[PDB]
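To keep things clear, I will list the structure first and then write my remarks on it.
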Amino acid sequence: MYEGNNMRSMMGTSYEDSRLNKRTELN
Amino acid sequence: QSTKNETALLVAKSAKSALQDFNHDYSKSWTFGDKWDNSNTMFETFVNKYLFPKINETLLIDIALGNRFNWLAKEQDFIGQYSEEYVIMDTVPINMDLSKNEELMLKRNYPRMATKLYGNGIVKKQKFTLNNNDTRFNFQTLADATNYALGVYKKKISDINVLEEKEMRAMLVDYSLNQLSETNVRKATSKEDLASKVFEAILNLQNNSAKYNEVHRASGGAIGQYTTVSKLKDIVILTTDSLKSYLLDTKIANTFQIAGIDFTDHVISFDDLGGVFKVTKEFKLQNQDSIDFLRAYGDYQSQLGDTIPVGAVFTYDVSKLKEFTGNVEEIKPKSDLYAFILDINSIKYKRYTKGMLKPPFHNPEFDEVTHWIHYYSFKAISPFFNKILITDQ
Amino acid sequence: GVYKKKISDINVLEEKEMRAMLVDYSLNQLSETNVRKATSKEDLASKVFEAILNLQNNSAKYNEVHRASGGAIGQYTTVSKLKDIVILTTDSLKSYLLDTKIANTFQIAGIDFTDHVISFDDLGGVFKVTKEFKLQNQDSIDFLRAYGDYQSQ
Amino acid sequence: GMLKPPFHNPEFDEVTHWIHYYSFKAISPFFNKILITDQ
Amino acid sequence: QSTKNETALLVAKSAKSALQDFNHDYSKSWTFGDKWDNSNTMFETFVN
Amino acid sequence: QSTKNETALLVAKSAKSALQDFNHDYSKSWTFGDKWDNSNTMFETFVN
Amino acid sequence: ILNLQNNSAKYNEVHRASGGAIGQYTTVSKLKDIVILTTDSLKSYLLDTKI
């Protein structure tokens, strides 16, 4: 809830989950 | 044999190779050039017998391997680790009578809630290293090099599908052999008898019956009943190919196929069930031949002295190595007249493919980048749906 | 979900109740003029497939109008379409009736014969009372409480 | 009207909903019936 | 002292925990779950 | 069996349960809090 | 026929490719690219079955 400087470097964005782009091939 | 050929001696001269310039910290710098003759050997044309042989095409054969159970895969947020599920137990409607204690209107009636608690899945990974200087020696165009770099990546996507399909068809056989109650297990005698039992056991679903689910091995479903129905759009037979070629070869499959369900696509079959192995005794790794055998299939992380816990799976053929014999059994059905009819909603299967391209580590010493592919997959099987196993055991 | 389960077990109750009615009727109340007797399973299959076709005919032979109130003398002729004929049998026998060439030629360019054959695992999970008894034991009360019957003491 | 309005019971704060329905099951003698048994 | 409660035995069986699925290079890949009880624990509700 | 586990003894302690606060007309009012450890049992993660 | 459409490394001759002696290679095949090559005396018997 509390942000401060929330969107910091790579891990603070890695929990703010990233890029469902590649999924598995059949469906 | 032995060849005293002027060109074959030039071919077999390994001190001139490109590999000599990359397995030594000091090497040859300038090329003098070579006399190449195509006379009285292979690569010989009728005109211009002194040119180097040239490639018409190079063809990356990339087969898109598919997971047949991919349409079952829900997607979660990969948060927490315990998934649970619950139903509401049956309370049959009762007749009313107008001559009662009439303060039973004050009395309570709670629902009854059979549950079951599931653990976590596992995170799986694989990597591939692509360099930038020595793999350029064998493509002759940039387009073929980019198609190579893309075909390696799509093969790393395809073997995830192979892994998950083989993993789930190992789950569905391990379940029916070991964990499933012997109330859902019907016993056949011959192949035509088993065919008639499969075709009557499909029709034993679509019925409001509390006989075919394993709700008695849920957490709170020991007393009372729980009634399940199943449509035909979510019934799946899991059997072998030698028996799918006999179930489909009957008139009942023709009358199912005509003006109705596609019975060819509800029968999920494999060659014979199980290429996946289990660990029964917690062993360790001692030999270098077994390490190289594991390196051949891409398992790079295991070294000597690593222990393997009881219940670990392998998904390829391992049981031929000296220290795996006896410690490792196979998920294979006994007496291969075998058919396991389930409701397809019983497979509790969900993944997390959000962010499965982690950003590359460059390694600019050798200029060989590496891409990793991480994914979380949860495979389970729920007790609140109709399951029937038809074996000869 | 508790409420929709209370809606769903009404459907389970009514379906099991009506398939008990249709078996109690044929075993006890139905006249032995409508009752054909088979010997084996292929013989019974041929009798079922000729008895479907014994309907759609203007015949006074197959109704129990003789046990109506005023239909003892005279005749009453009934026809039936195939859109309102239903076979009630078991699953072990539906897996044998559908597995014949006659089911294929019914299914091709015609009625859905899979959906006219209403079948169950084996007919009857419903029980009847023959002697008017009472309830004496607490284990039977708790067994009735497990299935939601709260009012009986 | 098979949702009769609930009784609250605010002593334990546990409401109760009842579901009443009337169902008539019969079977008419004026239609073609055939029973094929081994008895 | 010890405890003969079966769900306490379930908690004590740490072999099925997720920790064993990361210390080792191979593991199980499917879970059958378990019948979780709340009775005679510190985890009871009245109803469910 | 029998388990001499620090967490399983806390789990099997039924006098601390929520059911004790609803099957008695007088009951415990304020919670002190509990030490919960996931070590050498189930529910054990590699981190935290 | 049904032994194809399966992710299996058993049915290709990748072991007689140049570098495929060790390791495995998994192939699938759709039914839109499976072809049986046989005789007419045996096609008149394969087609004459309920399958």
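Readers should treat all values here as calculations from the given coordinates under stated rules, not as data from a laboratory. All Cβ positions, even for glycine, are placed from backbone atoms using ideal geometry, and neighbour counts span all protein chains on display.
Quick check on this structure: which one of B:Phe277, B:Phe314 is without any contact (Cβ under 8 Å) to a residue 60 or more places away in the chain, surrounded by 20 or more Cβ atoms within 10 Å (Cβ to Cβ), within 14 Å of chain E (Cβ to nearest Cβ) and farther than 30 Å from B:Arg186 by Cβ?
None of the other options fit; the residue is B:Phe314.
Counting only residues that are closer than 24 Å to B:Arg169 by Cα, touching a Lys or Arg at 6+ places or on another chain (Cβ under 6 Å) and small (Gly, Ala, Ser), how many does the range B:183-242 have?
Summing the residues that are closer than 24 Å to B:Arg169 by Cα, touching a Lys or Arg at 6+ places or on another chain (Cβ under 6 Å) and small (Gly, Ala, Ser) in the range B:183-242 gives 2.
For the range B:299-306, indicate whether the set of residues that are assigned to a helix (DSSP H, G or I), surrounded by fewer than 19 Cβ atoms within 10 Å (Cβ to Cβ) and free of Cβ contacts under 8 Å to residues at least 12 places away in the same chain is non-empty.
Scanning the range B:299-306 turns up no residue that is assigned to a helix (DSSP H, G or I), surrounded by fewer than 19 Cβ atoms within 10 Å (Cβ to Cβ) and free of Cβ contacts under 8 Å to residues at least 12 places away in the same chain.
If we scan the range B:338-345, do we find a residue that is part of a loop (DSSP other than H, G, I, E, B), of a type in the set (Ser, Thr, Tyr), more than 14 Å from chain E (Cβ to nearest Cβ) and touching a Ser or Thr at 6+ places or on another chain (Cβ under 7 Å)?
yes
Would you mind stating whether C:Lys83 is in a helix (DSSP H, G or I) and within 12 Å of chain B (Cβ to nearest Cβ)?
no
Please name all residue pairs, on different chains or six or more residues apart, with Cβ atoms under 8 Å, provided the first residue is in the range B:101-128 and is within 13 Å of chain E (Cβ to nearest Cβ) and the second residue is in a strand (DSSP E or B) and of a type in the set (A, V, I, L, M, F, W, C).
B:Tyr118/B:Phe378; B:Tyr118/B:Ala380; B:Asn120/B:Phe378; B:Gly121/B:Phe378; B:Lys125/B:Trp372; B:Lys125/B:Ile373
Could you check chain E and list, in sequence order, the residues that are closer than 19 Å to F:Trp36 by Cβ, aromatic (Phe, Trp, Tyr) and more than 7 Å from chain F (Cβ to nearest Cβ)?
Correct list: E:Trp36 only.
Return a yes/no flag: does the range C:136-151 have any residue that is surrounded by 10 or more Cβ atoms within 10 Å (Cβ to Cβ), within 24 Å of the chain's Cα centre (by Cα) and either over 27 Å from B:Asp249 (Cα atoms) or charged (D, E, K, R) (or both).
No: zero hits.
Restricting the search to the range B:104-145, which residues are in a helix (DSSP H, G or I) and of a type outside the set (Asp, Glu)?
Those that are in a helix (DSSP H, G or I) and of a type outside the set (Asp, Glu): B:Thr135, B:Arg136, B:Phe137, B:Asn138, B:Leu142, B:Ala143, B:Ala145.
Condition check: in a loop (DSSP other than H, G, I, E, B), within 7 Å of chain D (Cβ to nearest Cβ) and of a type in the set (A, V, I, L, M). Does C:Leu44 satisfy that?
No, not satisfied.
Would you pick out the residues in the range D:1-31 that are in contact with a helix residue (DSSP H, G or I) (Cβ under 8 Å, 6 or more places away or on another chain) and part of a loop (DSSP other than H, G, I, E, B)?
D:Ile19, D:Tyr21, D:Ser23, D:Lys25, D:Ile27, D:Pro29, D:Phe30
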